[PDB]
Each structure stands twice: as structure tokens, then as C-alpha cells.
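Asker: Sharing input-v3.csv, CSV, C-alpha atoms and all ligand atoms:
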chain,number,residue,atom,x,y,z
D,2,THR,CA,-41.3,-23.9,-21.7
D,3,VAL,CA,-39.8,-23.3,-25.2
D,4,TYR,CA,-42.1,-22.1,-28.0
D,5,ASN,CA,-42.1,-22.2,-31.8
D,6,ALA,CA,-42.7,-18.6,-32.7
D,7,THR,CA,-43.9,-17.9,-36.3
D,8,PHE,CA,-43.5,-14.4,-37.6
D,9,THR,CA,-45.2,-13.1,-40.7
D,10,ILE,CA,-43.8,-10.0,-42.0
D,11,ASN,CA,-45.2,-7.7,-44.7
D,12,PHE,CA,-43.4,-5.0,-46.5
D,13,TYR,CA,-45.0,-2.0,-48.2
D,14,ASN,CA,-43.6,0.8,-50.4
D,15,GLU,CA,-46.0,2.7,-52.8
D,16,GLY,CA,-44.3,2.6,-56.2
D,17,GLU,CA,-45.7,0.7,-59.1
D,18,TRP,CA,-43.3,-2.2,-60.1
D,19,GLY,CA,-44.3,-5.5,-58.4
D,20,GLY,CA,-43.0,-5.8,-54.8
D,21,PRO,CA,-40.5,-3.9,-52.8
D,22,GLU,CA,-36.8,-4.8,-52.4
D,23,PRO,CA,-36.3,-4.4,-48.7
D,24,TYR,CA,-32.8,-4.6,-47.2
D,25,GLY,CA,-31.7,-4.2,-43.5
D,26,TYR,CA,-33.0,-6.1,-40.5
D,27,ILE,CA,-36.0,-6.5,-38.2
D,28,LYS,CA,-35.5,-7.7,-34.6
D,29,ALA,CA,-37.6,-8.7,-31.7
D,30,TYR,CA,-37.3,-9.1,-27.9
D,31,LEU,CA,-39.6,-10.1,-25.1
D,32,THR,CA,-39.0,-7.8,-22.2
D,33,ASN,CA,-35.3,-6.9,-22.2
D,34,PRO,CA,-34.3,-4.7,-25.1
D,35,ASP,CA,-30.7,-6.0,-25.0
D,36,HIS,CA,-32.0,-9.6,-25.6
D,37,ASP,CA,-33.1,-8.9,-29.1
D,38,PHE,CA,-32.9,-11.3,-32.0
D,39,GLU,CA,-33.3,-11.1,-35.7
D,40,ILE,CA,-36.5,-12.3,-37.3
D,41,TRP,CA,-35.5,-11.0,-40.7
D,42,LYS,CA,-32.2,-9.8,-42.3
D,43,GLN,CA,-31.2,-9.0,-45.9
D,44,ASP,CA,-28.0,-7.2,-46.8
D,45,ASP,CA,-28.0,-4.3,-49.2
D,46,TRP,CA,-27.3,-5.7,-52.7
D,47,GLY,CA,-28.8,-2.6,-54.4
D,48,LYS,CA,-30.3,-3.7,-57.8
D,49,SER,CA,-29.7,-7.4,-56.9
D,50,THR,CA,-31.7,-7.0,-53.6
D,51,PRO,CA,-34.5,-9.6,-53.6
D,52,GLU,CA,-38.2,-8.8,-54.2
D,53,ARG,CA,-40.0,-9.5,-50.9
D,54,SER,CA,-43.5,-8.6,-50.1
D,55,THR,CA,-44.2,-11.2,-47.4
D,56,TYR,CA,-41.6,-13.2,-45.4
D,57,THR,CA,-42.4,-16.0,-43.0
D,58,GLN,CA,-40.0,-17.4,-40.3
D,59,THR,CA,-40.2,-19.8,-37.3
D,60,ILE,CA,-37.8,-19.5,-34.4
D,61,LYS,CA,-37.5,-21.3,-31.1
D,62,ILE,CA,-37.9,-18.9,-28.1
D,63,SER,CA,-38.4,-18.7,-24.4
D,64,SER,CA,-38.8,-16.2,-21.7
D,65,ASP,CA,-36.9,-15.4,-18.6
D,66,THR,CA,-39.0,-17.7,-16.5
D,67,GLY,CA,-40.1,-20.1,-19.1
D,68,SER,CA,-43.6,-18.8,-18.6
D,69,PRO,CA,-46.0,-18.2,-21.6
D,70,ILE,CA,-45.1,-15.2,-23.8
D,71,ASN,CA,-47.6,-12.4,-23.5
D,72,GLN,CA,-45.6,-9.7,-25.1
D,73,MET,CA,-43.1,-9.1,-27.9
D,74,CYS,CA,-41.5,-5.9,-29.1
D,75,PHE,CA,-40.3,-5.2,-32.6
D,76,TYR,CA,-38.2,-2.7,-34.5
D,77,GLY,CA,-36.5,-2.5,-37.8
D,78,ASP,CA,-34.0,-0.7,-39.9
D,79,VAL,CA,-35.6,-1.4,-43.3
D,80,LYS,CA,-34.8,0.3,-46.6
D,81,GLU,CA,-35.4,0.7,-50.2
D,82,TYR,CA,-32.8,1.2,-52.7
D,83,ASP,CA,-31.4,4.4,-53.8
D,84,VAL,CA,-33.0,4.9,-57.1
D,85,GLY,CA,-30.7,7.9,-57.3
D,86,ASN,CA,-29.0,8.2,-54.1
D,87,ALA,CA,-31.3,8.5,-51.0
D,88,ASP,CA,-33.0,5.4,-49.8
D,89,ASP,CA,-36.7,4.8,-49.1
D,90,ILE,CA,-37.2,4.1,-45.4
D,91,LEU,CA,-39.8,1.5,-44.5
D,92,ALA,CA,-38.8,1.4,-40.8
D,93,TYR,CA,-36.5,3.3,-38.4
D,94,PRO,CA,-34.8,1.5,-35.7
D,95,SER,CA,-35.5,4.0,-33.0
D,96,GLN,CA,-39.2,3.0,-33.1
D,97,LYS,CA,-40.1,0.0,-31.0
D,98,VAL,CA,-43.7,-1.4,-31.1
D,99,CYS,CA,-44.9,-4.3,-29.0
D,100,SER,CA,-48.1,-6.4,-29.0
D,101,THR,CA,-49.6,-9.6,-27.6
D,102,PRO,CA,-49.7,-12.6,-30.0
D,103,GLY,CA,-52.8,-12.2,-32.2
D,104,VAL,CA,-52.2,-8.5,-32.5
D,105,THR,CA,-50.1,-7.2,-35.3
D,106,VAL,CA,-47.7,-4.3,-35.2
D,107,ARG,CA,-46.8,-1.6,-37.7
D,108,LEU,CA,-43.4,0.0,-38.0
D,109,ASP,CA,-43.6,3.3,-39.9
D,110,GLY,CA,-41.5,4.6,-42.7
D,111,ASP,CA,-40.8,7.9,-44.2
D,112,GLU,CA,-44.1,8.1,-46.0
D,113,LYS,CA,-47.6,6.8,-45.2
D,114,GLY,CA,-47.3,4.1,-47.9
D,115,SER,CA,-43.8,2.9,-46.9
D,116,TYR,CA,-44.0,0.7,-43.7
D,117,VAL,CA,-43.8,-2.9,-42.3
D,118,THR,CA,-46.2,-5.0,-40.4
D,119,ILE,CA,-45.5,-8.1,-38.2
D,120,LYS,CA,-47.8,-10.7,-36.9
D,121,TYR,CA,-46.7,-13.6,-34.7
D,122,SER,CA,-48.1,-16.7,-33.1
D,123,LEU,CA,-46.8,-19.4,-30.6
D,124,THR,CA,-47.1,-23.2,-30.1
D,125,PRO,CA,-45.2,-25.3,-27.5
D,126,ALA,CA,-42.1,-26.6,-29.2
Q,2,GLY,CA,-81.2,-4.4,-56.3
Q,3,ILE,CA,-84.7,-4.4,-54.7
Q,4,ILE,CA,-87.3,-7.0,-55.7
Q,5,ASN,CA,-90.6,-5.0,-56.0
Q,6,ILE,CA,-93.4,-7.7,-55.2
Q,7,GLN,CA,-96.0,-5.5,-57.0
Q,8,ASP,CA,-93.9,-5.0,-60.1
Q,9,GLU,CA,-93.2,-8.8,-60.3
Q,10,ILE,CA,-97.0,-9.4,-59.9
Q,11,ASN,CA,-97.5,-6.9,-62.6
Q,12,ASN,CA,-95.2,-9.0,-64.8
Q,13,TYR,CA,-96.8,-12.3,-63.9
Q,14,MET,CA,-100.2,-10.9,-64.7
Q,15,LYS,CA,-99.2,-9.6,-68.1
Q,16,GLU,CA,-97.4,-12.8,-69.1
Q,17,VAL,CA,-100.0,-15.2,-67.8
Q,18,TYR,CA,-103.2,-13.5,-68.8
Q,19,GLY,CA,-102.1,-11.1,-71.6
Q,20,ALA,CA,-103.2,-8.1,-69.5
Q,21,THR,CA,-101.8,-4.9,-70.7
Q,22,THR,CA,-102.7,-2.9,-67.7
Q,23,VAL,CA,-102.5,-4.4,-64.1
Q,24,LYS,CA,-103.7,-3.2,-60.7
Q,25,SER,CA,-102.8,-5.2,-57.5
Q,26,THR,CA,-103.7,-4.7,-53.9
Q,27,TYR,CA,-102.2,-6.5,-50.9
Q,28,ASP,CA,-104.8,-8.6,-49.3
Q,29,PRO,CA,-105.3,-7.9,-45.5
Q,30,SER,CA,-104.0,-11.5,-45.1
Q,31,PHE,CA,-100.6,-10.3,-46.3
Q,32,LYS,CA,-97.8,-10.6,-43.8
Q,33,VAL,CA,-94.1,-10.1,-43.4
Q,34,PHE,CA,-92.4,-11.8,-40.4
Q,35,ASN,CA,-89.3,-13.5,-39.0
Q,36,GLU,CA,-87.2,-10.6,-40.2
Q,37,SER,CA,-83.6,-11.4,-39.5
Q,38,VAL,CA,-80.3,-9.8,-40.4
Q,39,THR,CA,-77.4,-12.2,-39.7
Q,40,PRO,CA,-73.6,-11.8,-40.2
Q,41,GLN,CA,-72.1,-14.4,-42.4
Q,42,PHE,CA,-69.2,-14.8,-39.8
Q,43,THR,CA,-68.5,-13.2,-36.5
Q,44,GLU,CA,-64.6,-13.5,-36.2
Q,45,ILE,CA,-62.9,-10.7,-38.1
Q,46,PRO,CA,-60.2,-12.6,-39.9
Q,47,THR,CA,-57.8,-9.6,-40.0
Q,48,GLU,CA,-55.8,-9.0,-36.8
Q,49,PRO,CA,-55.9,-5.7,-35.0
Q,50,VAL,CA,-52.9,-3.4,-35.5
Q,51,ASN,CA,-50.9,-1.4,-32.9
Q,52,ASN,CA,-49.8,1.9,-34.2
Q,53,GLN,CA,-47.3,4.1,-32.4
Q,54,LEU,CA,-48.4,7.7,-32.2
Q,55,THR,CA,-45.8,9.7,-30.2
Q,56,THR,CA,-43.5,9.1,-27.4
Q,57,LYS,CA,-42.6,11.0,-24.3
Q,58,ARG,CA,-39.0,10.6,-23.1
Q,59,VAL,CA,-37.9,11.5,-19.4
Q,60,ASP,CA,-34.3,11.3,-18.4
Q,61,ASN,CA,-33.6,10.9,-14.6
Q,62,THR,CA,-30.0,12.0,-14.5
Q,63,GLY,CA,-30.0,12.0,-10.6
Q,64,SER,CA,-29.2,9.4,-7.9
Q,65,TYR,CA,-32.7,9.0,-6.6
Q,66,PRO,CA,-35.9,7.6,-8.1
Q,67,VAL,CA,-38.4,10.1,-9.4
Q,68,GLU,CA,-42.1,9.8,-10.1
Q,69,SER,CA,-43.2,11.2,-13.4
Q,70,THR,CA,-46.7,11.6,-14.9
Q,71,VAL,CA,-47.0,11.0,-18.7
Q,72,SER,CA,-50.2,12.1,-20.4
Q,73,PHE,CA,-51.3,11.5,-23.9
Q,74,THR,CA,-54.1,12.7,-26.0
Q,75,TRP,CA,-55.3,11.6,-29.4
Q,76,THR,CA,-58.3,12.4,-31.6
Q,77,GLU,CA,-59.2,9.6,-34.1
Q,78,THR,CA,-61.8,10.1,-36.7
Q,79,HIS,CA,-63.6,7.0,-37.6
Q,80,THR,CA,-66.3,5.4,-39.8
Q,81,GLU,CA,-69.3,2.9,-39.9
Q,82,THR,CA,-71.2,2.0,-43.0
Q,83,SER,CA,-74.1,-0.3,-43.7
Q,84,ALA,CA,-76.5,-1.0,-46.7
Q,85,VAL,CA,-78.8,-3.7,-48.1
Q,86,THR,CA,-77.5,-4.7,-51.5
Q,87,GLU,CA,-80.3,-7.2,-52.3
Q,88,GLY,CA,-83.6,-6.4,-50.9
Q,89,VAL,CA,-87.4,-6.5,-51.2
Q,90,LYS,CA,-90.3,-4.0,-51.3
Q,91,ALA,CA,-93.7,-5.3,-50.2
Q,92,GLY,CA,-96.6,-3.1,-49.2
Q,93,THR,CA,-95.5,-2.2,-45.7
Q,94,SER,CA,-92.1,-1.0,-44.3
Q,95,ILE,CA,-89.7,-3.9,-43.7
Q,96,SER,CA,-86.7,-3.0,-41.5
Q,97,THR,CA,-84.4,-4.3,-38.6
Q,98,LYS,CA,-82.1,-2.6,-36.1
Q,99,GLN,CA,-79.4,-5.2,-35.7
Q,100,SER,CA,-76.6,-5.3,-33.2
Q,101,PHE,CA,-73.5,-7.3,-33.9
Q,102,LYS,CA,-70.7,-8.6,-31.6
Q,103,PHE,CA,-67.5,-9.1,-33.5
Q,104,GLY,CA,-64.3,-10.8,-32.3
Q,105,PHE,CA,-60.9,-10.9,-33.9
Q,106,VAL,CA,-59.1,-14.2,-34.8
Q,107,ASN,CA,-56.2,-15.2,-32.6
Q,108,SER,CA,-57.4,-12.7,-29.8
Q,109,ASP,CA,-59.7,-11.6,-27.1
Q,110,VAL,CA,-61.3,-8.3,-27.8
Q,111,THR,CA,-64.9,-7.9,-28.8
Q,112,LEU,CA,-66.6,-5.1,-30.6
Q,113,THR,CA,-70.3,-4.1,-30.6
Q,114,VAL,CA,-71.9,-2.3,-33.5
Q,115,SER,CA,-75.5,-1.8,-34.7
Q,116,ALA,CA,-77.1,-0.8,-37.9
Q,117,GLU,CA,-80.5,-0.2,-39.3
Q,118,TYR,CA,-81.4,-2.3,-42.3
Q,119,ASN,CA,-84.3,-1.0,-44.5
Q,120,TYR,CA,-85.1,-3.9,-46.9
Q,121,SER,CA,-86.6,-1.7,-49.5
Q,122,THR,CA,-83.7,0.5,-50.5
Q,123,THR,CA,-80.0,0.1,-51.6
Q,124,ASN,CA,-79.1,3.5,-50.1
Q,125,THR,CA,-76.0,3.4,-48.2
Q,126,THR,CA,-75.5,5.0,-44.7
Q,127,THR,CA,-72.2,6.1,-43.2
Q,128,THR,CA,-71.4,7.8,-39.9
Q,129,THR,CA,-68.0,9.5,-39.4
Q,130,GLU,CA,-67.3,10.7,-35.9
Q,131,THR,CA,-64.3,11.8,-33.9
Q,132,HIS,CA,-63.1,10.3,-30.6
Q,133,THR,CA,-60.6,11.8,-28.2
Q,134,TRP,CA,-58.4,9.2,-26.5
Q,135,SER,CA,-56.7,10.5,-23.3
Q,136,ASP,CA,-54.6,8.5,-21.0
Q,137,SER,CA,-52.0,9.0,-18.4
Q,138,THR,CA,-49.9,7.0,-15.9
Q,139,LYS,CA,-47.4,7.7,-13.2
Q,140,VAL,CA,-44.1,6.1,-13.7
Q,141,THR,CA,-41.2,5.6,-11.4
Q,142,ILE,CA,-37.9,6.2,-13.1
Q,143,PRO,CA,-34.8,4.7,-11.4
Q,144,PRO,CA,-31.7,6.8,-10.9
Q,145,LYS,CA,-29.5,7.3,-14.0
Q,146,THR,CA,-32.2,5.9,-16.3
Q,147,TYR,CA,-34.4,7.3,-19.0
Q,148,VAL,CA,-37.9,6.1,-19.9
Q,149,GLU,CA,-39.5,6.2,-23.3
Q,150,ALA,CA,-43.3,6.1,-22.9
Q,151,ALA,CA,-44.8,5.4,-26.3
Q,152,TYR,CA,-48.6,5.9,-26.9
Q,153,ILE,CA,-50.0,3.0,-28.9
Q,154,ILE,CA,-53.5,2.9,-30.5
Q,155,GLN,CA,-54.8,-0.5,-31.4
Q,156,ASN,CA,-56.9,-0.3,-34.7
Q,157,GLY,CA,-59.4,-2.8,-36.0
Q,158,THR,CA,-61.2,-2.9,-39.4
Q,159,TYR,CA,-64.0,-5.1,-40.6
Q,160,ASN,CA,-66.1,-5.8,-43.7
Q,161,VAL,CA,-68.8,-8.4,-43.0
Q,162,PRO,CA,-71.5,-9.6,-45.4
Q,163,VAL,CA,-74.8,-10.0,-43.8
Q,164,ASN,CA,-77.9,-12.1,-44.8
Q,165,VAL,CA,-81.1,-9.9,-45.1
Q,166,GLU,CA,-84.0,-12.3,-44.7
Q,167,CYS,CA,-87.7,-12.6,-44.0
Q,168,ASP,CA,-90.9,-14.8,-44.6
Q,169,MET,CA,-94.0,-13.7,-46.3
Q,170,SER,CA,-97.5,-15.3,-46.4
Q,171,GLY,CA,-100.7,-14.1,-48.0
Q,172,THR,CA,-101.9,-12.8,-51.3
Q,173,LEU,CA,-102.4,-9.9,-53.6
Q,174,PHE,CA,-105.7,-9.2,-55.2
Q,175,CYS,CA,-104.9,-8.7,-58.9
Q,176,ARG,CA,-107.0,-7.0,-61.6
Q,177,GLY,CA,-105.8,-7.4,-65.3
Q,178,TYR,CA,-107.2,-5.3,-68.1
Q,179,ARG,CA,-106.9,-5.6,-71.9
Q,180,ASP,CA,-108.6,-3.4,-74.6
Q,181,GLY,CA,-110.8,-1.3,-72.3
Q,182,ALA,CA,-112.0,-4.2,-70.2
Q,183,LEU,CA,-111.2,-6.1,-67.0
Q,184,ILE,CA,-110.3,-9.7,-68.0
Q,185,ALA,CA,-108.9,-11.1,-64.7
Q,186,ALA,CA,-109.5,-10.7,-61.0
Q,187,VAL,CA,-107.4,-13.3,-59.2
Q,188,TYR,CA,-105.4,-13.8,-56.0
Q,189,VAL,CA,-101.8,-14.6,-56.3
Q,190,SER,CA,-99.5,-15.8,-53.4
Q,191,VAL,CA,-96.0,-14.7,-53.0
Q,192,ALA,CA,-95.2,-18.4,-52.8
Q,193,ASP,CA,-97.0,-18.7,-56.3
Q,194,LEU,CA,-94.7,-15.9,-57.5
Q,195,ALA,CA,-91.7,-17.8,-56.2
Q,196,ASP,CA,-92.8,-20.9,-58.1
Q,197,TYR,CA,-93.3,-18.7,-61.2
Q,198,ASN,CA,-89.9,-17.0,-61.1
Q,199,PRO,CA,-87.0,-18.6,-59.2
Q,200,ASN,CA,-84.7,-15.6,-59.9
Q,201,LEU,CA,-86.2,-13.2,-57.3
Q,202,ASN,CA,-84.5,-14.4,-54.0
Q,203,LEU,CA,-87.7,-15.9,-53.0
Q,204,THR,CA,-88.4,-19.6,-52.4
Q,205,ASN,CA,-91.7,-21.5,-51.7
Q,206,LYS,CA,-91.2,-23.1,-48.4
Q,207,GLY,CA,-94.6,-24.8,-48.3
Q,208,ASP,CA,-97.7,-24.0,-46.2
Q,209,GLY,CA,-98.1,-20.9,-48.4
Q,210,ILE,CA,-94.9,-19.3,-46.9
Q,211,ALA,CA,-92.3,-17.6,-49.1
Q,212,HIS,CA,-88.9,-16.9,-47.7
Q,213,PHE,CA,-86.9,-13.9,-48.8
Q,214,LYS,CA,-83.1,-14.3,-48.8
Q,215,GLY,CA,-81.3,-11.1,-49.7
Q,216,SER,CA,-78.1,-9.5,-48.6
Q,217,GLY,CA,-76.0,-6.5,-47.4
Q,218,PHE,CA,-73.0,-5.5,-45.3
Q,219,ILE,CA,-71.7,-3.9,-42.1
Q,220,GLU,CA,-68.3,-2.3,-42.4
Q,221,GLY,CA,-66.1,-0.1,-40.1
Q,222,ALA,CA,-62.6,0.9,-38.8
Q,223,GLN,CA,-62.0,2.2,-35.3
Q,224,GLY,CA,-59.6,2.5,-32.5
Q,225,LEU,CA,-60.2,-0.4,-30.2
Q,226,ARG,CA,-57.9,0.4,-27.3
Q,227,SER,CA,-54.9,2.6,-26.2
Q,228,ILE,CA,-51.8,1.2,-24.6
Q,229,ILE,CA,-48.8,3.1,-22.9
Q,230,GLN,CA,-45.7,1.2,-23.7
Q,231,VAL,CA,-42.8,2.0,-21.4
Q,232,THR,CA,-39.2,1.3,-22.0
Q,233,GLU,CA,-36.5,2.0,-19.3
Q,234,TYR,CA,-32.9,2.1,-20.4
Q,235,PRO,CA,-29.7,3.0,-18.4
Q,236,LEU,CA,-28.1,6.3,-18.9
Q,237,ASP,CA,-24.3,6.4,-19.7
Q,238,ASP,CA,-23.6,7.6,-16.2
Q,239,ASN,CA,-25.3,4.5,-14.8
Q,240,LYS,CA,-22.1,2.3,-14.4
Q,241,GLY,CA,-23.7,-0.2,-12.1
Q,242,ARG,CA,-26.2,-0.2,-14.8
Q,243,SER,CA,-30.0,-0.2,-14.6
Q,244,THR,CA,-31.6,-3.2,-16.3
Q,245,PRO,CA,-33.4,-2.3,-19.5
Q,246,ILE,CA,-37.0,-3.3,-19.6
Q,247,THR,CA,-40.2,-2.8,-21.7
Q,248,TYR,CA,-43.6,-3.1,-19.9
Q,249,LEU,CA,-47.1,-2.1,-21.1
Q,250,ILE,CA,-49.8,-0.3,-19.2
Q,251,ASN,CA,-53.4,-0.5,-20.4
Q,252,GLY,CA,-54.8,3.0,-21.3
Q,253,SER,CA,-58.5,2.9,-22.4
Q,254,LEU,CA,-61.0,0.6,-24.2
Q,255,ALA,CA,-63.3,2.1,-26.8
Q,256,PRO,CA,-67.0,2.5,-25.5
Q,257,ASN,CA,-68.2,-0.3,-27.8
Q,258,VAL,CA,-65.3,-2.6,-26.9
Q,259,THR,CA,-65.2,-5.2,-24.2
Q,260,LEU,CA,-63.1,-8.3,-23.2
J,301,CA,CA,-39.8,7.1,-50.6
J,302,ZN,ZN,-67.1,5.5,-32.5
Hey, can you dump this file as C-alpha cells for me?
Answerer:
Amino acid sequence: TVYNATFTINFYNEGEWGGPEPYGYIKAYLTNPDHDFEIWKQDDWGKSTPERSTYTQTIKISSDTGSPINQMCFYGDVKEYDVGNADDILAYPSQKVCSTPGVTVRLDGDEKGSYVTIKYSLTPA
Amino acid sequence: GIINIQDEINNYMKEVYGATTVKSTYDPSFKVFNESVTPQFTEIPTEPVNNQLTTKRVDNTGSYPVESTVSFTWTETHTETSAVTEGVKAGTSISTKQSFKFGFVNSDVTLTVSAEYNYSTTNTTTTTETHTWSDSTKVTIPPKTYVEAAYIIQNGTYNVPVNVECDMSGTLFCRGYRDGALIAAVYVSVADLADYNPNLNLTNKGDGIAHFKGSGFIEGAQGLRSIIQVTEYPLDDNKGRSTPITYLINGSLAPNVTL
């Protein structure tokens, strides 16, 4: 069975002017880390990088066996723009965090107030 | 705040009779009953959150499978808070120990929490305590493969308004005085008071019964469960190549948590 999977992603970076300007990517996979896919992507446009606090996306997906999806693993390389040179990090790609649908995950950044969260849900496509 | 029945009888007596000094006494018929603290909802609408704490990596660079034990420990400090924010003071103690079972929307975990509501105060009570999560599991690492075992703590937070309610029947005996003399000696229902002043969270429900409808909250944040999340990935020397896989092993549930 194929599923509509809806990802709700929230970006956080403590620093007073409206929302953050995340660039990079976030990817998911079910059980095989080589079968990962982007759920969000934004190229580094520095000062032109879009403001984004929440991002929503629906994707069609299935498992190895077509069975229901019980598990999803996420990671990200997500940054904020070099006010001077050195970028804020909201997520490092070495960190993978998985959950069942209905549980949200957090990817941690280089400070307690820089991070990303991802929530997902599924309905038969 | 707290509606003081006596003070409001005091005010009634002064307004109605012109008394300048008032003395009331609860009649032995006076009763409080059907005490009930109820949560306004029971499904926390905020999802639990998986946080990764540390990881333990084990490289099996040899040609045979190995068994490896990975063990984790974590000490979480966590909080519960309750209070009545709109209450009532009658002549006798009014309080309730209430237990609540909360679920989380879109999932399957249940938490149990209890608090004592004293209807007569707005004082807030908080407990902060530590909990030591400890978990371990024995993994088989195929040859030429490494494993990353990440320790995950699943956090939940809740802030739930509760209804703080009871019924009251019976009367106060009230003495009003003016200019050195007693000018009134009457009985006044709490229903009568509710008819007199509709701004006291009391309503006349008929048959002489007044209903009190006040409010408060139960709020908290705790670890709900630990998970060991295991990823196997081929080492460079693999060649044939082990198949990368992530699987999850249940660690522990919190004591007050069930499914
Ligand atoms: Ca920063
Ligand atoms: Zn506890």
C-alpha cells in the first residue's frame, strides 16, 4: 500500500527579527538509511534566503513490503546565514532521530534555541 | 480569586438591611457535596517529542559476528504543578484528590497524574523531582559493520484547565447591627446569595441547591519513555556489503505511563 505522508516541519533560532532563514536540507527514510528522501530543501541564497518558520509537505511513500509504516527516521543539515562569516547550525546531518507517526522528533543545533522539529502523519493514498 | 461565602453574606446584609456590623454562622443544615474536579479535555493536543541524548558506536572490523552490550543512563529532572484559580471558602474544608489519565493526540501512550485541589486557596503547588532512566540491550553486530546505538528520551508536556465544582445547600444565620443595636436576625441560603449576586460563580439550581463552578489547572513535563535506536552500517572493508538498517528497541516506560 502507498501512503500520503504529510510532514510538518518547524524551524527555531533564538535571535529577535521575525522568523529564521533556514537553508540546507532535511531527509527521511523508513528502515534503510540509503533509501532516504528529501522532505525539505532550500539552497543557500544568503540575505535572499526565504523566511521560514513552518513548512508543510505531502509526499507519496511506501515500505519494503507495502505494509503500514511504523517508523521514520529524519536528519538534516540546516543552517543560518553567516551574519559575519560562521553559520548558525539548526541541525547536523550526523544526527538521525526516528519516531512512530504521532510522535514528533527534534534535531538539535549548535545552541539550545537553534533546532528543528518534524511531525508526520499518514493516510492511504 | 476565592469567593468567601461569609464576606458575601456580610455584603448582602449591609446592602439589604443597612446593617453596619454583621455576624453570620453556618447553620448545622449547611452542606457542601458533589465535589468534582474535571479536566476540560483529556487528549493533550501537543505531540510527544523524541530527543536524542548520546550515542554509542561499536565497530566490528572482523569477519565474525560479535555480541555487544550497550548501556545508557540518564537523569531527568521534572515538574508537576497544580492550583485552584477560582475558588470558594465556606465554613468547612473543601478539597479533592483528583487523578487524571491523559492521552496524546495521534498516539497511544497514556499518562497518570494526581493533584490535591483545596477550593479555598489560590496557592500554587509544584513538585520537582529527578528520575534516572537506565537501559541496555545486547546487539549482534555483523562482520565488517558498525552500529550506532542512540539513546532517545520521549518527552511530553501538558497544561490542562480543570473545572473546580461543588453543590451547596443550607443557610447561614445572620445578625445585622446598626447604631448599637441588633436590627436583623435572618436566615440566608447560598441559593438566595446566588439570586442576589450572579457574579460569584454560583448559580441557583432549584430545590435550595447552589452550584459552585470555579476553575484551576494541572500542568507538567516529563519523560514518557526511553528508546534505543540502532543503526547498522557497512564498514569500508565490507565489499560484499552489509545492508544498512535502522531498528528501535523499547527501553523503559515512566512509572505513571502505560499503553
Ligand atoms: Ca548561533
Ligand atoms: Zn516523576
Asker: Residues within 12 Å of ligand CA 301 (chain J) should be enumerated using all atoms listed in the file and returned as number ranges by chain.
Answerer: D: 13-16, 21, 79-92, 109-116
Asker: Give me, as a tab-separated table, the closest atom pair and its distance (Å, one decimal) for every residue of chain Q within a cut-off of 10 Å of chain D, counting all atoms listed in the file, rows sorted by chain and rising number.
Answerer:
residue	atom	partner	partner_atom	distance
Q:47	CA	D:105	CA	9.3
Q:48	CA	D:104	CA	5.6
Q:49	CA	D:104	CA	5.3
Q:50	CA	D:105	CA	4.7
Q:51	CA	D:106	CA	4.9
Q:52	CA	D:107	CA	5.8
Q:53	CA	D:98	CA	6.7
Q:55	CA	D:96	CA	9.8
Q:56	CA	D:96	CA	9.4
Q:105	CA	D:103	CA	8.4
Q:106	CA	D:103	CA	7.1
Q:107	CA	D:103	CA	4.6
Q:108	CA	D:103	CA	5.2
Q:109	CA	D:103	CA	8.6
Q:149	CA	D:97	CA	9.9
Q:151	CA	D:98	CA	8.4
Q:152	CA	D:98	CA	9.7
Q:153	CA	D:98	CA	8.0
Q:155	CA	D:104	CA	8.5
Q:156	CA	D:104	CA	9.7
Q:157	CA	D:104	CA	9.8
Q:228	CA	D:100	CA	9.5
Q:230	CA	D:99	CA	7.7
Q:232	CA	D:34	CA	8.3
Q:233	CA	D:34	CA	9.1
Q:234	CA	D:34	CA	8.4
Q:244	CA	D:33	CA	7.9
Q:245	CA	D:33	CA	5.7
Q:246	CA	D:33	CA	4.8
Q:247	CA	D:32	CA	5.2
Q:248	CA	D:32	CA	7.0
Q:249	CA	D:99	CA	8.5
Asker: Quick one, how far is CA of residue 50 (chain D) from CA of residue 78 (chain D)?
Answerer: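 Computing the Euclidean distance for CA of residue 50 (chain D) and CA of residue 78 (chain D) yields 15.3 Å.
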Asker: Which chains and residue numbers are within 12 Å of ligand ZN 302 (chain J), counting only C-alpha atoms and all ligand atoms, if I want them as a PyMOL selection string?
Answerer: chain Q and resi 76-82+112-115+127-134+156-157+221-226+254-258
Asker: Enter the distance from CA of residue 25 (chain D) to CA of residue 5 (chain D), in Å, rounded to one decimal.
Answerer: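 Answer for the CA of residue 25 (chain D) to CA of residue 5 (chain D) separation: 23.9 Å.
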Asker: Please, what distance in Å, to one decimal, runs between CA of residue 217 (chain Q) and CA of residue 90 (chain Q)?
Answerer: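 That distance, rounded to one decimal, is 15.0 Å.
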Asker: In file coordinates, which residues lie within 7 Å of (-33.0, 10.4, -14.3) using all atoms listed in the file, given as number ranges by chain?
Answerer: Q: 60-63, 142-147
Asker: Here's a test: counting only C-alpha atoms, identify every protein, DNA and RNA residue with an atom at most 12 Å from (-89.5, -16.3, -62.7) in the file's coordinate frame, and state them as an mmCIF file with C-alpha atoms, in the frame of the given file.
Answerer:
data_model
loop_
_atom_site.group_PDB
_atom_site.id
_atom_site.type_symbol
_atom_site.label_atom_id
_atom_site.label_comp_id
_atom_site.auth_asym_id
_atom_site.auth_seq_id
_atom_site.Cartn_x
_atom_site.Cartn_y
_atom_site.Cartn_z
ATOM 1 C CA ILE Q 4 -87.300 -7.000 -55.700
ATOM 2 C CA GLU Q 9 -93.200 -8.800 -60.300
ATOM 3 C CA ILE Q 10 -97.000 -9.400 -59.900
ATOM 4 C CA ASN Q 12 -95.200 -9.000 -64.800
ATOM 5 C CA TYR Q 13 -96.800 -12.300 -63.900
ATOM 6 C CA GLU Q 16 -97.400 -12.800 -69.100
ATOM 7 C CA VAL Q 17 -100.000 -15.200 -67.800
ATOM 8 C CA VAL Q 191 -96.000 -14.700 -53.000
ATOM 9 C CA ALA Q 192 -95.200 -18.400 -52.800
ATOM 10 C CA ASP Q 193 -97.000 -18.700 -56.300
ATOM 11 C CA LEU Q 194 -94.700 -15.900 -57.500
ATOM 12 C CA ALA Q 195 -91.700 -17.800 -56.200
ATOM 13 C CA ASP Q 196 -92.800 -20.900 -58.100
ATOM 14 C CA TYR Q 197 -93.300 -18.700 -61.200
ATOM 15 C CA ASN Q 198 -89.900 -17.000 -61.100
ATOM 16 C CA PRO Q 199 -87.000 -18.600 -59.200
ATOM 17 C CA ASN Q 200 -84.700 -15.600 -59.900
ATOM 18 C CA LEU Q 201 -86.200 -13.200 -57.300
ATOM 19 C CA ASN Q 202 -84.500 -14.400 -54.000
ATOM 20 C CA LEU Q 203 -87.700 -15.900 -53.000
ATOM 21 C CA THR Q 204 -88.400 -19.600 -52.400
#
